[PDB]
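Before any comments, here is the structure.
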Amino acid sequence: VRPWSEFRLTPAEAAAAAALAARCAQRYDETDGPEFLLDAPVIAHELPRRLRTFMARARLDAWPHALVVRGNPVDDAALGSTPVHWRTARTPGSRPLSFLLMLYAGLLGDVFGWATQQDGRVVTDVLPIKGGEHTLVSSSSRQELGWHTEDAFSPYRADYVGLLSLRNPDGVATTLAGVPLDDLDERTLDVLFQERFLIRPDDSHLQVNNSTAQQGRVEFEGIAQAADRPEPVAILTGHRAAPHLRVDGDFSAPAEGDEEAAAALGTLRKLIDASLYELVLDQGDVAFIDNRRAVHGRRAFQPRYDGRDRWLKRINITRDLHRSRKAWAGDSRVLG
Ligand SMILES: NC(=[NH2+])NCCC[C@H](N)C(=O)O
Ligand SMILES: [Fe+2]
């Protein structure tokens, strides 16, 4: 029994999916281009039927924290060495696998990026960056990436976060936790449903973690506003018996002087820490983390810096792009 839903491709199914992604990589210039963004959800209809059935059904189940698809081949020789930075990470060896993640994502929803994160890319990279071991962003290593809702600060945050493991030779775990409903008392639960908490943007939206450009110039103003003047929001929303979750372990606080909110948040921290569990994304595994049901993070690890570090491709997915239309910055697909 597992708190996520799991699908394992047969070799033939895995090969057919890989072949489809390879065809897309031949026919489109880029994953993030207007053309593939629009076409991917229709091309995805050609994926193996058993996989399409799993994705359609598992998305509608009440319980899972993630949807995990195992068994995509990745040839390390063809893939090439892990890049030293996300900037240079669009390597030819990783291209077909970026197309594959996009195709799988297109079965779940609408993909998007942020003007203020990795130069507005839709398919982003997770890999350790030398000098950045003890930071609060996903290019950390030696410091654990604390649990979080992705883009917790933003009402336009993803419904699902998709991750494809290109390599993970030493088996570093992703961490997950749901709402600790078996332990939250009714008074604490009540307070977490109230608009008594502050959630600021995480460090991935800072200018210094993007390139020199205007690849998102004005959108950094909105990040500054969310950082300087956060509006009080609720941590829990929806059904009391199955709440949705909005929290960041390192970027959340109580509203100013609100000691009851503080107690509720401190209790939630304790209960999430106590229930956090591990999911190891082995090479070729894809996970879609439900960013409303669960928080996620990543265990501390010693980086290699020898060309074979852990490397994921990542994508933000929403069930409805039109929810974020106020933030439609560089078209509908790059928010801020
Ligand atoms: N410690 C944290 N809460 N970090 C948030 C990290 C999330 C961000 N999208 C990143 O990839 O870096
Ligand atoms: Fe994350």
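Kirkwood hydrodynamic radius computed over the stretch 64-194 comes to 17.3 Å, based on all pairs of distinct alpha carbons. Taking a straight Cα-Cα cut-off under 28 Å and skipping sequence neighbours fewer than 8 places away in the same chain, the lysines within cross-link reach of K326 are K313.
For the chain, the longest principal axis of the Cα atoms and the long axis of helix 34-43 meet at an angle of about 80 degrees. Other residues within the sphere of radius under 9 Å centred on the Cβ of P34, judged by their own Cβ, net out at -2 (K and R +1, D and E -1). Ratio of Rg to Rh for the chain: 0.95 [Cα atoms; Kirkwood radius as inverse mean 1/r over pairs]. The 3J(HN,Hα) values that the Karplus relation (6.51, -1.76, 1.60; θ = phi - 60°) gives for the stretch 308-320 are, in residue order, 10, 5, 2, 8, 10, 8, 9, 8, 8, 10, 10, 6, 8 Hz. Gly and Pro appear as x.
log10 I(q)/I(0), Debye, Cα-only the stretch 120-276, no solvent, q = 0.17 Å⁻¹? Debye output, listed in q order: -1.13. Using a Gaussian network model of the chain in which every pair of alpha carbons under 10 angstrom is joined by a spring, one finds that among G178, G249, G307 the greatest mean-square fluctuation is at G307. Axis of helix 49-58 versus longest Cα principal axis of the chain: the two differ by about 0°, to the nearest ten degrees.
Given +1 on the Cβ of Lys and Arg, -1 on the Cβ of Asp and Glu, and no further charges, what dipole in debye does the stretch 216-322 carry about its Cα centre, rounded to the nearest 20? Walk me through the intermediate numbers first.
Values: 16 positive and 18 negative charges, 105 e Å.
Here the stretch 216-322 has a charge dipole of around 500 debye.
Taking the longest Cα principal axis of the chain as reference, the axis of helix 95-106 is set at about 50 degrees. Placing dummy labels 7 Å off each Cα toward the beta-carbon, the span from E231 to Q215 is 3.0 nm.
The phi torsions of the stretch 132-149, fed into the Karplus equation with coefficients 6.51, -1.76 and 1.60 and a -60° offset, translate into couplings of x, 5, 10, 9, 9, 10, 6, 8, 5, 8, 5, 8, 4, 7, x, 5, 6, 6 Hz, rounded to whole numbers, with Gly and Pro shown as x. Amide hydrogen proximity for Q283: with H placed 1.01 Å from N in the peptide plane, the residues at 5 or more positions away or on another chain lying under 5 Å are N168. Rounded to the nearest whole Hz, the Karplus-based 3J(HN,Hα) values (6.51 cos²θ - 1.76 cosθ + 1.60, θ = phi - 60°) of the stretch 162-177 follow the sequence x, 10, 10, 8, 6, 7, 7, x, 9, x, 6, 8, 6, 10, 9, 8, with x at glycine and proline.
Using unit Cβ charges (K, R positive; D, E negative) and no other charged atoms, how large, in debye to the nearest 20, is the dipole of the chain about its Cα centre?
Numbers: 41 positive and 47 negative charges, 204 e Å.
Dipole size: approximately 980 debye.
By the Kirkwood approach, averaging reciprocal distances over each pair of separate Cα atoms, the stretch 187-280 gets a hydrodynamic radius of 15.0 Å. For the peptides 47-56, 108-117, the ranking by packing is 108-117, 47-56, with the highest mean count of neighbouring Cβ atoms within 10 Å listed first.
By the scheme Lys and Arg +1, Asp and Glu -1, what is the net charge of all other residues having a beta-carbon under 12 Å from that of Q207?
Numbers: positive: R217; negative: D119, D203, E219, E221.
Overall, the nearby charge balance is -3.
For the pair the stretch 164-198 / the stretch 287-307, the C-alpha centres are spaced 14 Å from each other.
Look at the dipole of the chain built from charges on Cβ: of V179, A77, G106, the Cα furthest out on the positive end belongs to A77.
Mean separation of Cα pairs under 8 Å and 6 or more residues apart, divided by the residue count, gives the chain a relative contact order of 30 percent. Can you give me the Cα centroid spacing of the stretch 58-118 and the stretch 216-245 in angstrom? Their Cα centres are 25 Å away from one another.
Taking 25 °C and 0.890 mPa s as the conditions, I'd like the Stokes-Einstein D for the stretch 223-277 in µm²/s, using the Kirkwood hydrodynamic radius from alpha carbon pairs. Each step should come with its number before you reach the end.
Numbers: Rh = 12.7 Å.
Result for D is 194 µm²/s.
Where nothing but the Cβ of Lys and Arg (+1) and of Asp and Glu (-1) is charged, how large is the charge dipole of the stretch 172-247 around its Cα centre, in debye to the nearest 20?
Values: 7 positive and 12 negative charges, 35 e Å.
Dipole of the stretch 172-247, to the nearest 20 debye: 160 debye.
Of the peptides 255-267, 65-77, the order by per-residue mean of other Cβ atoms within 10 Å, starting with the highest, comes out as 65-77, 255-267.
Over all directions, average the projected area of the Cα convex hull of the stretch 247-336 and note it in nm². Could the numbers behind the result be given before it?
Values: hull surface 37.8 nm².
Averaged projected hull area, Cα only: 9.4 nm².
Ideal geometry is used to build each Cβ from the backbone, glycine not excepted, and the neighbour counts take in all protein chains shown. Since every read-out is calculated from the coordinates, none of them should be taken as a lab result.
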